[PDB]
Amino acid sequence: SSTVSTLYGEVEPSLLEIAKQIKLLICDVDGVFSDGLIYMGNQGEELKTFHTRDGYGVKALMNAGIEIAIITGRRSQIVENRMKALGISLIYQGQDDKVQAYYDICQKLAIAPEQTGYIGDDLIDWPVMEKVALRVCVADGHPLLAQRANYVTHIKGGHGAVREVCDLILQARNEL
Amino acid sequence: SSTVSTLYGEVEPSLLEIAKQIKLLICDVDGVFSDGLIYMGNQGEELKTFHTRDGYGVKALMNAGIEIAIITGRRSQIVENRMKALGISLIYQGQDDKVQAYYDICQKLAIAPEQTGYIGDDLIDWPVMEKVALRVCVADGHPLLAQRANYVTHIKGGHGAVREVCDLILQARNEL
Amino acid sequence: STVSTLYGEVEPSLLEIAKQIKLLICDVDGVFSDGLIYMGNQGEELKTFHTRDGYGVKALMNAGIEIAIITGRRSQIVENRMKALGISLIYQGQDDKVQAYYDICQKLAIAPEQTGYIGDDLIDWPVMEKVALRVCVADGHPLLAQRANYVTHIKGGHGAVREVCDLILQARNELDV
Amino acid sequence: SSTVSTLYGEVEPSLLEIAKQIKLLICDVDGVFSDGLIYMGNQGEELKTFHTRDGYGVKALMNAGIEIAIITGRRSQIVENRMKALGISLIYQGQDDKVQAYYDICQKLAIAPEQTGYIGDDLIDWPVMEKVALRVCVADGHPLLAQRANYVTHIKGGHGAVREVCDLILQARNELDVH
Ligand SMILES: [Mg+2]
Ligand SMILES: [Mg+2]
Ligand SMILES: [Mg+2]
Ligand SMILES: [Mg+2]
């Protein structure tokens, strides 16, 4: 074939061409930054997990001048805390309609969809992904989303899937 | 046309026909909505996990007019909170004998066992499953239960097993 | 050559050992729990237990088989959970694991030949070597795994205890009573 | 073939020679002692996991006279609590650049890089690892670090990767028989 090695497997050269040119990466939270689990307690405690290797990836992308934004349907202090800690400021929570949040991001940043990527794990993510150039489903994402993606990560959501996509972009940019 | 492709594998047309008819889906909690773990704390705290992709599936079935009920042997505020959040009201906790809860559900809804499904992970679930049309064991459920089931999920309990069953019914209904 | 179980294949002589077990002794961390200690910034600590193990232990006791715990650590979380399961013979903070075993053997009048033990690390070996059914969980320490006469297929904290309950219950034709 | 069996696989005798003479083992925390996850709550609670069998290994090394040091980029009371429970004193947290902490450890203990090991899981660990003799990446560490390591653990970070390295050292010291 015509495939090129990554740190994680093989991709079409056409995908690296797309990845090279990304200036905006938008991520869902649950199932992408986390593994999709919501930890619930009898006193109404709620936890969520994030992976340490993802932080390093996001920071590397932003150091390269790539904007990062988050769009999620849930709303938590957890997400505010984590995203602020990673230095991500474009945070959209409580979104039933992810398309409108995406439009708001577009109007703020003025970045074209050909230069935008999105990492999702479920069907609610599809209306935005469909519009952009890099369409990522995490390894364990909904199989119907995985069918529609142009990159399916090797690493599971919440375990380094975000880092994998950061590494893909950096490799494409010849910075890794 | 021996089998019909789903998002997860291949099913017999007879099984999709059973799925198409389902008006009531009954689920166990631990090992089905969760991975079977109970997290216990040094001040008596308790956590349990639920998965975001399951939440989406359960809402989709309810939007389609299908009733959802829960039967669990344990009792927690966690389960009350999670089920109310999803809009599930038929919640049976602290049930050692699941058959009595099943009969109560049947009488409350006037829905026949031929239009009912049950998702279980252990032997206590079998007395209810044996009565109903769609008898699901989660992928990692007890292996004797898996042998008796007429559908074994591919996704593990607590990670989208419930969503997989939701998808099967929605596919069967031509709504996926 | 081997006999099938719900989980894989064993020697008939192992099933024959399992059939006559009257006492099953378990360590806790890495056996009932997933081997992790969840620690928080305000001194929170969590430990996990698995619902299919709970069911197995109750089924084993319903069948007339005694359950005891011997752990090197002391945990009130563990006291709470074992008491909830109906287990009464709980020995914690046990440096001399073998002395605890001796006391259990005496208190119940059950011989080592009718006893099994489920462990995950080397500190478990001094009690294990004394008993007939010597179990290491699937993801136990490899030195203990190579000494065990049954290595579970299911990982620690995820049904390994249930798997051993099932081995005994299958040997007795009592898997689903 | 020149390899020697361990409890986990095969290694070159050269690696056992290095492991035999380690006097200092430096570890990252997240992804090495833990599974790399940070549990965060709505009241700002934080949890981290540690594996029950790693303590026996760390203690066995300390009882052999081997010094243990910890260098992490994150900061938590969790890590203070866990490491103090092991009798470890050289705990460096909130380290953006791990090389400085390493130099400080060298100053304090006067142990040379040739007698030093490091267990990491990501690229930030490499500038210290590159300087020392035993260079461990955990099984599921970042693939670029795994390429650079001289030992890649079989067991995943947070599930006994630390214990595995302890066992390698004990085996090398002839304190742990492997048939
Ligand atoms: Mg999601
Ligand atoms: Mg269950
Ligand atoms: Mg243990
Ligand atoms: Mg790390």
# chains A, B, ... in the order shown; residues from 1 in each chain; ligands from 1
>>> interface_residues(of="chain D", to="chain C", cutoff="9 Å", atoms="only C-alpha atoms", output="VMD selection string")
chain D and resid 7 to 8 34 39 45 to 53 76 to 79 81 to 82 158 to 160 178
>>> interface_residues(of="chain A", to="chain B", cutoff="12 Å", atoms="only C-alpha atoms", output="PyMOL selection string")
chain A and resi 28-32+34-49+72-74+96+120-125+140-147+156-157
>>> write_last_selection(atoms="N, CA and C atoms", output="short mmCIF file (atom, residue, chain, number, x, y, z; two decimals), in the first residue's frame")
data_model
loop_
_atom_site.label_atom_id
_atom_site.label_comp_id
_atom_site.auth_asym_id
_atom_site.auth_seq_id
_atom_site.Cartn_x
_atom_site.Cartn_y
_atom_site.Cartn_z
N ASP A 28 -14.59 16.63 22.65
CA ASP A 28 -15.62 16.28 23.61
C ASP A 28 -14.85 15.88 24.89
N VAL A 29 -15.54 15.82 26.03
CA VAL A 29 -14.91 15.41 27.30
C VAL A 29 -15.13 13.95 27.62
N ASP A 30 -16.38 13.59 27.96
CA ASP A 30 -16.67 12.24 28.45
C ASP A 30 -16.47 11.22 27.34
N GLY A 31 -15.59 10.25 27.58
CA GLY A 31 -15.28 9.24 26.59
C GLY A 31 -14.08 9.61 25.73
N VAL A 32 -13.61 10.86 25.83
CA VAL A 32 -12.43 11.32 25.06
C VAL A 32 -11.29 11.71 26.01
N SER A 34 -11.94 11.68 29.31
CA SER A 34 -12.21 10.61 30.27
C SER A 34 -12.52 9.27 29.59
N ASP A 35 -12.68 8.19 30.36
CA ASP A 35 -13.09 6.90 29.76
C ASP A 35 -14.61 6.71 29.67
N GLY A 36 -15.37 7.77 29.86
CA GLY A 36 -16.80 7.68 29.75
C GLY A 36 -17.50 7.40 31.06
N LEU A 37 -16.74 7.09 32.11
CA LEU A 37 -17.39 6.77 33.38
C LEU A 37 -17.66 8.01 34.21
N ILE A 38 -18.79 7.97 34.90
CA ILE A 38 -19.17 8.97 35.87
C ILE A 38 -19.17 8.23 37.22
N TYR A 39 -18.31 8.65 38.14
CA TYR A 39 -18.25 8.04 39.49
C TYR A 39 -19.24 8.77 40.37
N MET A 40 -20.24 8.05 40.89
CA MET A 40 -21.27 8.70 41.70
C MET A 40 -21.29 8.16 43.12
N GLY A 41 -21.47 9.04 44.10
CA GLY A 41 -21.52 8.64 45.52
C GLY A 41 -22.85 8.87 46.21
N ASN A 42 -23.03 8.24 47.36
CA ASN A 42 -24.30 8.32 48.08
C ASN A 42 -24.64 9.70 48.63
N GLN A 43 -23.61 10.53 48.77
CA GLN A 43 -23.76 11.92 49.21
C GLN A 43 -23.77 12.89 48.02
N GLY A 44 -23.95 12.36 46.82
CA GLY A 44 -23.94 13.19 45.62
C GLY A 44 -22.55 13.58 45.14
N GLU A 45 -21.50 12.95 45.68
CA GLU A 45 -20.14 13.12 45.11
C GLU A 45 -20.15 12.72 43.65
N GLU A 46 -19.31 13.37 42.85
CA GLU A 46 -19.10 12.98 41.46
C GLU A 46 -17.62 13.15 41.14
N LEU A 47 -17.03 12.11 40.55
CA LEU A 47 -15.66 12.17 40.04
C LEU A 47 -15.63 11.86 38.55
N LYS A 48 -14.52 12.24 37.92
CA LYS A 48 -14.25 11.89 36.54
C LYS A 48 -12.74 11.72 36.49
N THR A 49 -12.26 10.89 35.57
CA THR A 49 -10.82 10.70 35.43
C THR A 49 -10.25 11.35 34.18
N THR A 72 -18.98 20.11 25.58
CA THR A 72 -19.59 19.01 26.31
C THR A 72 -21.06 19.26 26.69
N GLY A 73 -21.82 18.16 26.77
CA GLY A 73 -23.25 18.16 27.11
C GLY A 73 -23.54 18.19 28.61
N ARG A 74 -22.61 17.64 29.38
CA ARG A 74 -22.69 17.68 30.84
C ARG A 74 -22.15 19.04 31.31
N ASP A 96 -26.56 20.80 24.59
CA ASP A 96 -27.39 19.82 23.88
C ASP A 96 -27.15 19.92 22.37
N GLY A 120 -14.21 12.89 19.01
CA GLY A 120 -15.44 12.52 19.69
C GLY A 120 -15.51 11.03 20.06
N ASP A 121 -16.55 10.66 20.80
CA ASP A 121 -16.79 9.23 21.03
C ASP A 121 -18.23 8.78 20.80
N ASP A 122 -19.16 9.69 20.50
CA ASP A 122 -20.56 9.25 20.36
C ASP A 122 -21.29 10.07 19.29
N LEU A 123 -22.52 9.68 18.98
CA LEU A 123 -23.23 10.22 17.83
C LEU A 123 -23.54 11.71 17.94
N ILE A 124 -23.69 12.21 19.17
CA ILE A 124 -23.89 13.66 19.38
C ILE A 124 -22.70 14.49 18.84
N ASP A 125 -21.54 13.86 18.73
CA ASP A 125 -20.35 14.50 18.19
C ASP A 125 -20.35 14.62 16.68
N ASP A 140 -12.47 3.06 21.48
CA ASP A 140 -13.67 2.46 22.05
C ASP A 140 -14.90 3.35 21.91
N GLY A 141 -14.88 4.27 20.95
CA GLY A 141 -16.05 5.14 20.74
C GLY A 141 -17.19 4.35 20.09
N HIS A 142 -18.36 4.97 20.02
CA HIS A 142 -19.50 4.27 19.44
C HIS A 142 -19.17 3.76 18.04
N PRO A 143 -19.46 2.47 17.77
CA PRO A 143 -19.03 1.90 16.49
C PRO A 143 -19.56 2.66 15.28
N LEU A 144 -20.72 3.29 15.40
CA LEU A 144 -21.25 4.06 14.26
C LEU A 144 -20.45 5.34 13.97
N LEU A 145 -19.96 5.99 15.02
CA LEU A 145 -19.06 7.12 14.88
C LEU A 145 -17.71 6.68 14.28
N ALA A 146 -17.22 5.52 14.71
CA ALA A 146 -15.94 4.96 14.25
C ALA A 146 -15.95 4.73 12.74
N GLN A 147 -17.06 4.17 12.24
CA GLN A 147 -17.31 4.04 10.79
C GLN A 147 -17.22 5.34 10.00
N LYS A 156 -7.46 3.92 23.93
CA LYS A 156 -8.84 4.17 24.38
C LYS A 156 -9.05 5.59 24.93
N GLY A 157 -10.29 6.05 24.80
CA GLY A 157 -10.71 7.28 25.46
C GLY A 157 -10.35 7.28 26.96
#
>>> residues_around(residues="segment 56-65 of chain C", least_positions_apart="6", cutoff="9 Å", atoms="only C-alpha atoms", output="ChimeraX atom specification")
/C:21-24,85-87,159,161-166,168-169,174-177
>>> write_last_selection(atoms="C-alpha atoms", output="PDB file, in the first residue's frame")
ATOM      1  CA  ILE C  21     -13.136 -28.354  50.582  1.00  0.00           C
ATOM      2  CA  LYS C  22     -14.889 -27.333  53.816  1.00  0.00           C
ATOM      3  CA  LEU C  23     -12.943 -24.136  54.504  1.00  0.00           C
ATOM      4  CA  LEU C  24     -11.867 -21.429  52.100  1.00  0.00           C
ATOM      5  CA  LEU C  85     -21.267 -10.699  53.398  1.00  0.00           C
ATOM      6  CA  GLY C  86     -21.900 -12.840  56.505  1.00  0.00           C
ATOM      7  CA  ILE C  87     -18.235 -13.756  57.069  1.00  0.00           C
ATOM      8  CA  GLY C 159     -14.390 -12.349  39.883  1.00  0.00           C
ATOM      9  CA  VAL C 161     -12.939 -15.275  44.194  1.00  0.00           C
ATOM     10  CA  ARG C 162     -16.181 -16.191  42.437  1.00  0.00           C
ATOM     11  CA  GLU C 163     -14.212 -18.424  40.050  1.00  0.00           C
ATOM     12  CA  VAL C 164     -12.841 -20.474  42.968  1.00  0.00           C
ATOM     13  CA  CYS C 165     -16.305 -20.611  44.590  1.00  0.00           C
ATOM     14  CA  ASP C 166     -17.510 -21.971  41.245  1.00  0.00           C
ATOM     15  CA  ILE C 168     -15.876 -25.978  44.462  1.00  0.00           C
ATOM     16  CA  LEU C 169     -19.607 -25.643  43.671  1.00  0.00           C
ATOM     17  CA  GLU C 174     -24.195 -27.116  43.196  1.00  0.00           C
ATOM     18  CA  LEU C 175     -23.377 -24.288  40.719  1.00  0.00           C
ATOM     19  CA  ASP C 176     -26.889 -22.811  40.752  1.00  0.00           C
ATOM     20  CA  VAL C 177     -28.781 -23.819  43.907  1.00  0.00           C
TER      21      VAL C 177
END
>>> interface_residues(of="chain D", to="chain A", cutoff="9 Å", atoms="only C-alpha atoms", output="PDB file with N, CA, C and O atoms, in the first residue's frame")
ATOM      1  N   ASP D  30       3.070   9.546  38.433  1.00  0.00           N
ATOM      2  CA  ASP D  30       1.868   9.310  37.609  1.00  0.00           C
ATOM      3  C   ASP D  30       2.205   8.496  36.379  1.00  0.00           C
ATOM      4  O   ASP D  30       3.056   8.884  35.569  1.00  0.00           O
ATOM      5  N   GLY D  31       1.556   7.351  36.248  1.00  0.00           N
ATOM      6  CA  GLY D  31       1.848   6.454  35.138  1.00  0.00           C
ATOM      7  C   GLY D  31       2.882   5.385  35.493  1.00  0.00           C
ATOM      8  O   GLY D  31       3.114   4.470  34.693  1.00  0.00           O
ATOM      9  N   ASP D  35      -1.841   4.372  37.777  1.00  0.00           N
ATOM     10  CA  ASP D  35      -2.234   4.042  36.394  1.00  0.00           C
ATOM     11  C   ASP D  35      -2.285   5.247  35.429  1.00  0.00           C
ATOM     12  O   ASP D  35      -2.829   5.135  34.324  1.00  0.00           O
ATOM     13  N   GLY D  36      -1.717   6.390  35.827  1.00  0.00           N
ATOM     14  CA  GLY D  36      -1.746   7.600  35.019  1.00  0.00           C
ATOM     15  C   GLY D  36      -3.022   8.435  35.105  1.00  0.00           C
ATOM     16  O   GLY D  36      -3.115   9.504  34.508  1.00  0.00           O
ATOM     17  N   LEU D  37      -4.025   7.953  35.832  1.00  0.00           N
ATOM     18  CA  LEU D  37      -5.256   8.721  35.961  1.00  0.00           C
ATOM     19  C   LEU D  37      -5.233   9.660  37.152  1.00  0.00           C
ATOM     20  O   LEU D  37      -4.604   9.360  38.173  1.00  0.00           O
ATOM     21  N   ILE D  38      -5.933  10.775  37.008  1.00  0.00           N
ATOM     22  CA  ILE D  38      -6.182  11.731  38.061  1.00  0.00           C
ATOM     23  C   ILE D  38      -7.695  11.699  38.241  1.00  0.00           C
ATOM     24  O   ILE D  38      -8.421  12.029  37.308  1.00  0.00           O
ATOM     25  N   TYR D  39      -8.164  11.315  39.435  1.00  0.00           N
ATOM     26  CA  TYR D  39      -9.591  11.328  39.773  1.00  0.00           C
ATOM     27  C   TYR D  39      -9.930  12.672  40.359  1.00  0.00           C
ATOM     28  O   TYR D  39      -9.370  13.043  41.390  1.00  0.00           O
ATOM     29  N   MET D  40     -10.822  13.393  39.698  1.00  0.00           N
ATOM     30  CA  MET D  40     -11.195  14.738  40.148  1.00  0.00           C
ATOM     31  C   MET D  40     -12.676  14.856  40.465  1.00  0.00           C
ATOM     32  O   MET D  40     -13.521  14.352  39.726  1.00  0.00           O
ATOM     33  N   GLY D  41     -12.995  15.544  41.558  1.00  0.00           N
ATOM     34  CA  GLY D  41     -14.391  15.663  42.021  1.00  0.00           C
ATOM     35  C   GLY D  41     -14.935  17.089  41.999  1.00  0.00           C
ATOM     36  O   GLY D  41     -14.175  18.063  41.867  1.00  0.00           O
ATOM     37  N   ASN D  42     -16.253  17.218  42.145  1.00  0.00           N
ATOM     38  CA  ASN D  42     -16.923  18.505  42.030  1.00  0.00           C
ATOM     39  C   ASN D  42     -16.675  19.417  43.222  1.00  0.00           C
ATOM     40  O   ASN D  42     -16.918  20.618  43.126  1.00  0.00           O
ATOM     41  N   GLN D  43     -16.177  18.849  44.332  1.00  0.00           N
ATOM     42  CA  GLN D  43     -15.745  19.682  45.482  1.00  0.00           C
ATOM     43  C   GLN D  43     -14.230  19.887  45.487  1.00  0.00           C
ATOM     44  O   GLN D  43     -13.649  20.281  46.505  1.00  0.00           O
ATOM     45  N   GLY D  44     -13.592  19.636  44.355  1.00  0.00           N
ATOM     46  CA  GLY D  44     -12.134  19.735  44.244  1.00  0.00           C
ATOM     47  C   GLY D  44     -11.396  18.588  44.908  1.00  0.00           C
ATOM     48  O   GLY D  44     -10.186  18.700  45.131  1.00  0.00           O
ATOM     49  N   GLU D  45     -12.101  17.486  45.216  1.00  0.00           N
ATOM     50  CA  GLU D  45     -11.439  16.254  45.691  1.00  0.00           C
ATOM     51  C   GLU D  45     -10.508  15.739  44.611  1.00  0.00           C
ATOM     52  O   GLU D  45     -10.736  15.981  43.408  1.00  0.00           O
ATOM     53  N   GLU D  46      -9.439  15.089  45.037  1.00  0.00           N
ATOM     54  CA  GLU D  46      -8.565  14.404  44.095  1.00  0.00           C
ATOM     55  C   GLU D  46      -8.180  13.045  44.664  1.00  0.00           C
ATOM     56  O   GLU D  46      -7.857  12.942  45.856  1.00  0.00           O
ATOM     57  N   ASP D 121       7.452   7.197  32.478  1.00  0.00           N
ATOM     58  CA  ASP D 121       6.411   6.828  31.525  1.00  0.00           C
ATOM     59  C   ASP D 121       6.189   7.851  30.410  1.00  0.00           C
ATOM     60  O   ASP D 121       5.381   7.598  29.530  1.00  0.00           O
ATOM     61  N   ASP D 122       6.887   8.987  30.443  1.00  0.00           N
ATOM     62  CA  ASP D 122       6.675  10.025  29.425  1.00  0.00           C
ATOM     63  C   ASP D 122       7.956  10.813  29.129  1.00  0.00           C
ATOM     64  O   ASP D 122       8.981  10.611  29.786  1.00  0.00           O
ATOM     65  N   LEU D 123       7.901  11.697  28.135  1.00  0.00           N
ATOM     66  CA  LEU D 123       9.106  12.313  27.579  1.00  0.00           C
ATOM     67  C   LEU D 123       9.835  13.210  28.567  1.00  0.00           C
ATOM     68  O   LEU D 123      11.071  13.356  28.481  1.00  0.00           O
ATOM     69  N   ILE D 124       9.083  13.788  29.507  1.00  0.00           N
ATOM     70  CA  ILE D 124       9.667  14.633  30.563  1.00  0.00           C
ATOM     71  C   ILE D 124      10.644  13.846  31.458  1.00  0.00           C
ATOM     72  O   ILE D 124      11.492  14.413  32.131  1.00  0.00           O
ATOM     73  N   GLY D 141       3.923   2.991  28.823  1.00  0.00           N
ATOM     74  CA  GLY D 141       4.470   4.350  28.777  1.00  0.00           C
ATOM     75  C   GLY D 141       4.427   4.904  27.357  1.00  0.00           C
ATOM     76  O   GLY D 141       4.120   4.181  26.381  1.00  0.00           O
ATOM     77  N   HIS D 142       4.743   6.189  27.207  1.00  0.00           N
ATOM     78  CA  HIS D 142       4.690   6.767  25.882  1.00  0.00           C
ATOM     79  C   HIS D 142       5.640   6.049  24.914  1.00  0.00           C
ATOM     80  O   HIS D 142       6.795   5.800  25.252  1.00  0.00           O
ATOM     81  N   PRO D 143       5.151   5.689  23.708  1.00  0.00           N
ATOM     82  CA  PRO D 143       5.985   4.870  22.813  1.00  0.00           C
ATOM     83  C   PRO D 143       7.359   5.471  22.483  1.00  0.00           C
ATOM     84  O   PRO D 143       8.316   4.720  22.293  1.00  0.00           O
ATOM     85  N   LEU D 144       7.477   6.798  22.423  1.00  0.00           N
ATOM     86  CA  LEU D 144       8.820   7.389  22.219  1.00  0.00           C
ATOM     87  C   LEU D 144       9.809   7.081  23.364  1.00  0.00           C
ATOM     88  O   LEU D 144      10.981   6.806  23.120  1.00  0.00           O
TER      89      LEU D 144
END
>>> atom_distance(atom1="atom CA of residue 15 of chain A", atom2="atom CA of residue 137 of chain D")
29.4 Å
>>> select_by_dssp(residues="segment 106-166 of chain D", states="alpha helix (DSSP H)", output="compact mmCIF listing (two decimals) with C-alpha atoms, in the first residue's frame")
# COMPACT_ATOMS: atom_id res chain seq x y z
CA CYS D 106 23.12 13.61 43.47
CA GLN D 107 24.41 16.34 45.75
CA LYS D 108 22.64 14.90 48.83
CA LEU D 109 23.43 11.19 48.42
CA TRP D 126 13.94 11.23 29.47
CA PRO D 127 16.35 14.07 30.41
CA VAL D 128 17.01 12.37 33.76
CA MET D 129 16.88 8.79 32.43
CA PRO D 143 5.98 4.87 22.81
CA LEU D 144 8.82 7.39 22.22
CA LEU D 145 10.20 6.77 25.76
CA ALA D 146 9.82 2.98 25.33
CA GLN D 147 12.05 3.28 22.23
CA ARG D 148 14.76 4.91 24.36
CA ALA D 161 5.67 -2.09 37.04
CA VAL D 162 7.54 -0.76 40.10
CA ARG D 163 7.50 -4.22 41.78
CA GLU D 164 8.77 -5.76 38.56
CA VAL D 165 11.86 -3.49 38.54
CA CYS D 166 12.40 -4.28 42.26
>>> residues_around(residues="residue 135 of chain B", least_positions_apart="6", cutoff="6 Å", atoms="only C-alpha atoms", output="number ranges by chain")
B: 117-118, 129, 149-150
>>> write_last_selection(atoms="N, CA, C and O atoms", output="tab-separated table (two decimals), in the first residue's frame")
chain	number	residue	atom	x	y	z
B	117	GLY	N	-37.58	-7.44	27.59
B	117	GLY	CA	-36.20	-7.88	27.60
B	117	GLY	C	-35.62	-7.66	29.00
B	117	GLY	O	-36.10	-6.83	29.78
B	118	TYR	N	-34.56	-8.40	29.30
B	118	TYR	CA	-33.88	-8.24	30.58
B	118	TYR	C	-32.39	-8.35	30.33
B	118	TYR	O	-31.94	-9.24	29.61
B	129	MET	N	-35.08	-13.46	33.56
B	129	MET	CA	-34.75	-13.68	32.15
B	129	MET	C	-35.47	-14.84	31.50
B	129	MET	O	-35.91	-14.74	30.37
B	149	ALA	N	-28.36	-17.29	27.93
B	149	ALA	CA	-28.83	-16.09	27.23
B	149	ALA	C	-29.11	-16.31	25.75
B	149	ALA	O	-28.43	-17.14	25.10
B	150	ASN	N	-30.05	-15.54	25.20
B	150	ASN	CA	-30.20	-15.53	23.72
B	150	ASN	C	-29.52	-14.38	23.00
B	150	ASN	O	-29.51	-14.31	21.78
>>> closest_residue(among="C:113, C:53, C:16, C:27", to="chain B", atoms="only C-alpha atoms")
C:53
>>> residues_around(residues="segment 16-26 of chain D", least_positions_apart="4", cutoff="7 Å", atoms="only C-alpha atoms", output="number ranges by chain")
D: 66-70, 111, 115-119, 133-134, 168-169, 172-173
>>> write_last_selection(atoms="N, CA, C and O atoms", output="tab-separated table (two decimals), in the first residue's frame")
chain	number	residue	atom	x	y	z
D	66	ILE	N	19.37	0.24	49.27
D	66	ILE	CA	19.16	1.08	48.07
D	66	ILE	C	18.32	2.29	48.40
D	66	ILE	O	17.29	2.17	49.08
D	67	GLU	N	18.76	3.47	47.97
D	67	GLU	CA	18.01	4.72	48.19
D	67	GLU	C	16.93	4.89	47.14
D	67	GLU	O	17.11	4.51	45.98
D	68	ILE	N	15.81	5.47	47.57
D	68	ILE	CA	14.66	5.73	46.69
D	68	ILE	C	14.37	7.23	46.68
D	68	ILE	O	14.33	7.86	47.73
D	69	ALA	N	14.15	7.77	45.49
D	69	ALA	CA	13.77	9.18	45.33
D	69	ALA	C	12.62	9.26	44.33
D	69	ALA	O	12.44	8.37	43.47
D	70	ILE	N	11.82	10.30	44.46
D	70	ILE	CA	10.60	10.47	43.69
D	70	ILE	C	10.66	11.84	43.07
D	70	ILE	O	10.97	12.81	43.77
D	111	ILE	N	25.60	9.54	45.13
D	111	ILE	CA	25.54	8.29	44.37
D	111	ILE	C	25.69	8.63	42.90
D	111	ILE	O	25.07	9.59	42.41
D	115	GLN	N	25.38	3.99	39.11
D	115	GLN	CA	24.72	3.15	40.11
D	115	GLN	C	23.29	3.60	40.30
D	115	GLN	O	22.64	3.33	41.33
D	116	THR	N	22.76	4.28	39.29
D	116	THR	CA	21.41	4.84	39.43
D	116	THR	C	20.45	4.29	38.37
D	116	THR	O	20.84	4.04	37.23
D	117	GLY	N	19.21	4.08	38.79
D	117	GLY	CA	18.13	3.72	37.87
D	117	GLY	C	17.01	4.74	37.94
D	117	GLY	O	16.88	5.46	38.95
D	118	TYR	N	16.20	4.80	36.87
D	118	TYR	CA	15.03	5.65	36.84
D	118	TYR	C	13.87	4.97	36.13
D	118	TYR	O	14.04	4.44	35.04
D	119	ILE	N	12.67	5.02	36.73
D	119	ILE	CA	11.48	4.47	36.10
D	119	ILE	C	10.54	5.63	35.67
D	119	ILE	O	10.02	6.36	36.51
D	133	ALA	N	22.17	4.72	34.44
D	133	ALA	CA	22.49	3.41	33.89
D	133	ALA	C	21.30	2.53	33.59
D	133	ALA	O	21.29	1.85	32.57
D	134	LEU	N	20.30	2.53	34.48
D	134	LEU	CA	19.14	1.68	34.29
D	134	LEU	C	17.98	2.61	33.96
D	134	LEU	O	17.61	3.46	34.77
D	168	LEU	N	13.63	-7.40	39.48
D	168	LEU	CA	14.79	-7.51	38.59
D	168	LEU	C	16.09	-7.28	39.36
D	168	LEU	O	17.07	-8.04	39.24
D	169	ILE	N	16.10	-6.20	40.16
D	169	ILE	CA	17.22	-5.88	41.03
D	169	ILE	C	17.51	-6.98	42.05
D	169	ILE	O	18.66	-7.38	42.21
D	172	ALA	N	19.02	-9.89	40.38
D	172	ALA	CA	20.41	-9.53	40.01
D	172	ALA	C	21.37	-9.65	41.18
D	172	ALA	O	22.53	-10.06	41.01
D	173	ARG	N	20.88	-9.34	42.39
D	173	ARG	CA	21.65	-9.46	43.65
D	173	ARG	C	21.74	-10.88	44.20
D	173	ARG	O	22.38	-11.12	45.24
>>> atom_distance(atom1="atom CA of residue 111 of chain B", atom2="atom CA of residue 63 of chain B")
17.7 Å
>>> atom_distance(atom1="atom CA of residue 116 of chain A", atom2="atom CA of residue 133 of chain A")
5.8 Å
>>> residues_around(residues="residue 78 of chain C", least_positions_apart="4", cutoff="8 Å", atoms="only C-alpha atoms", output="PyMOL selection string")
chain C and resi 28+74+82
>>> closest_residue(among="D:94, D:87, D:55, D:9", to="ligand 3", atoms="only C-alpha atoms and all ligand atoms")
D:55
>>> closest_residue(among="B:9, B:166, B:103, B:55", to="ligand 1", atoms="only C-alpha atoms and all ligand atoms")
B:55
>>> closest_residue(among="D:29, D:12, D:61, D:3", to="residue 176 of chain D", atoms="only C-alpha atoms")
D:61
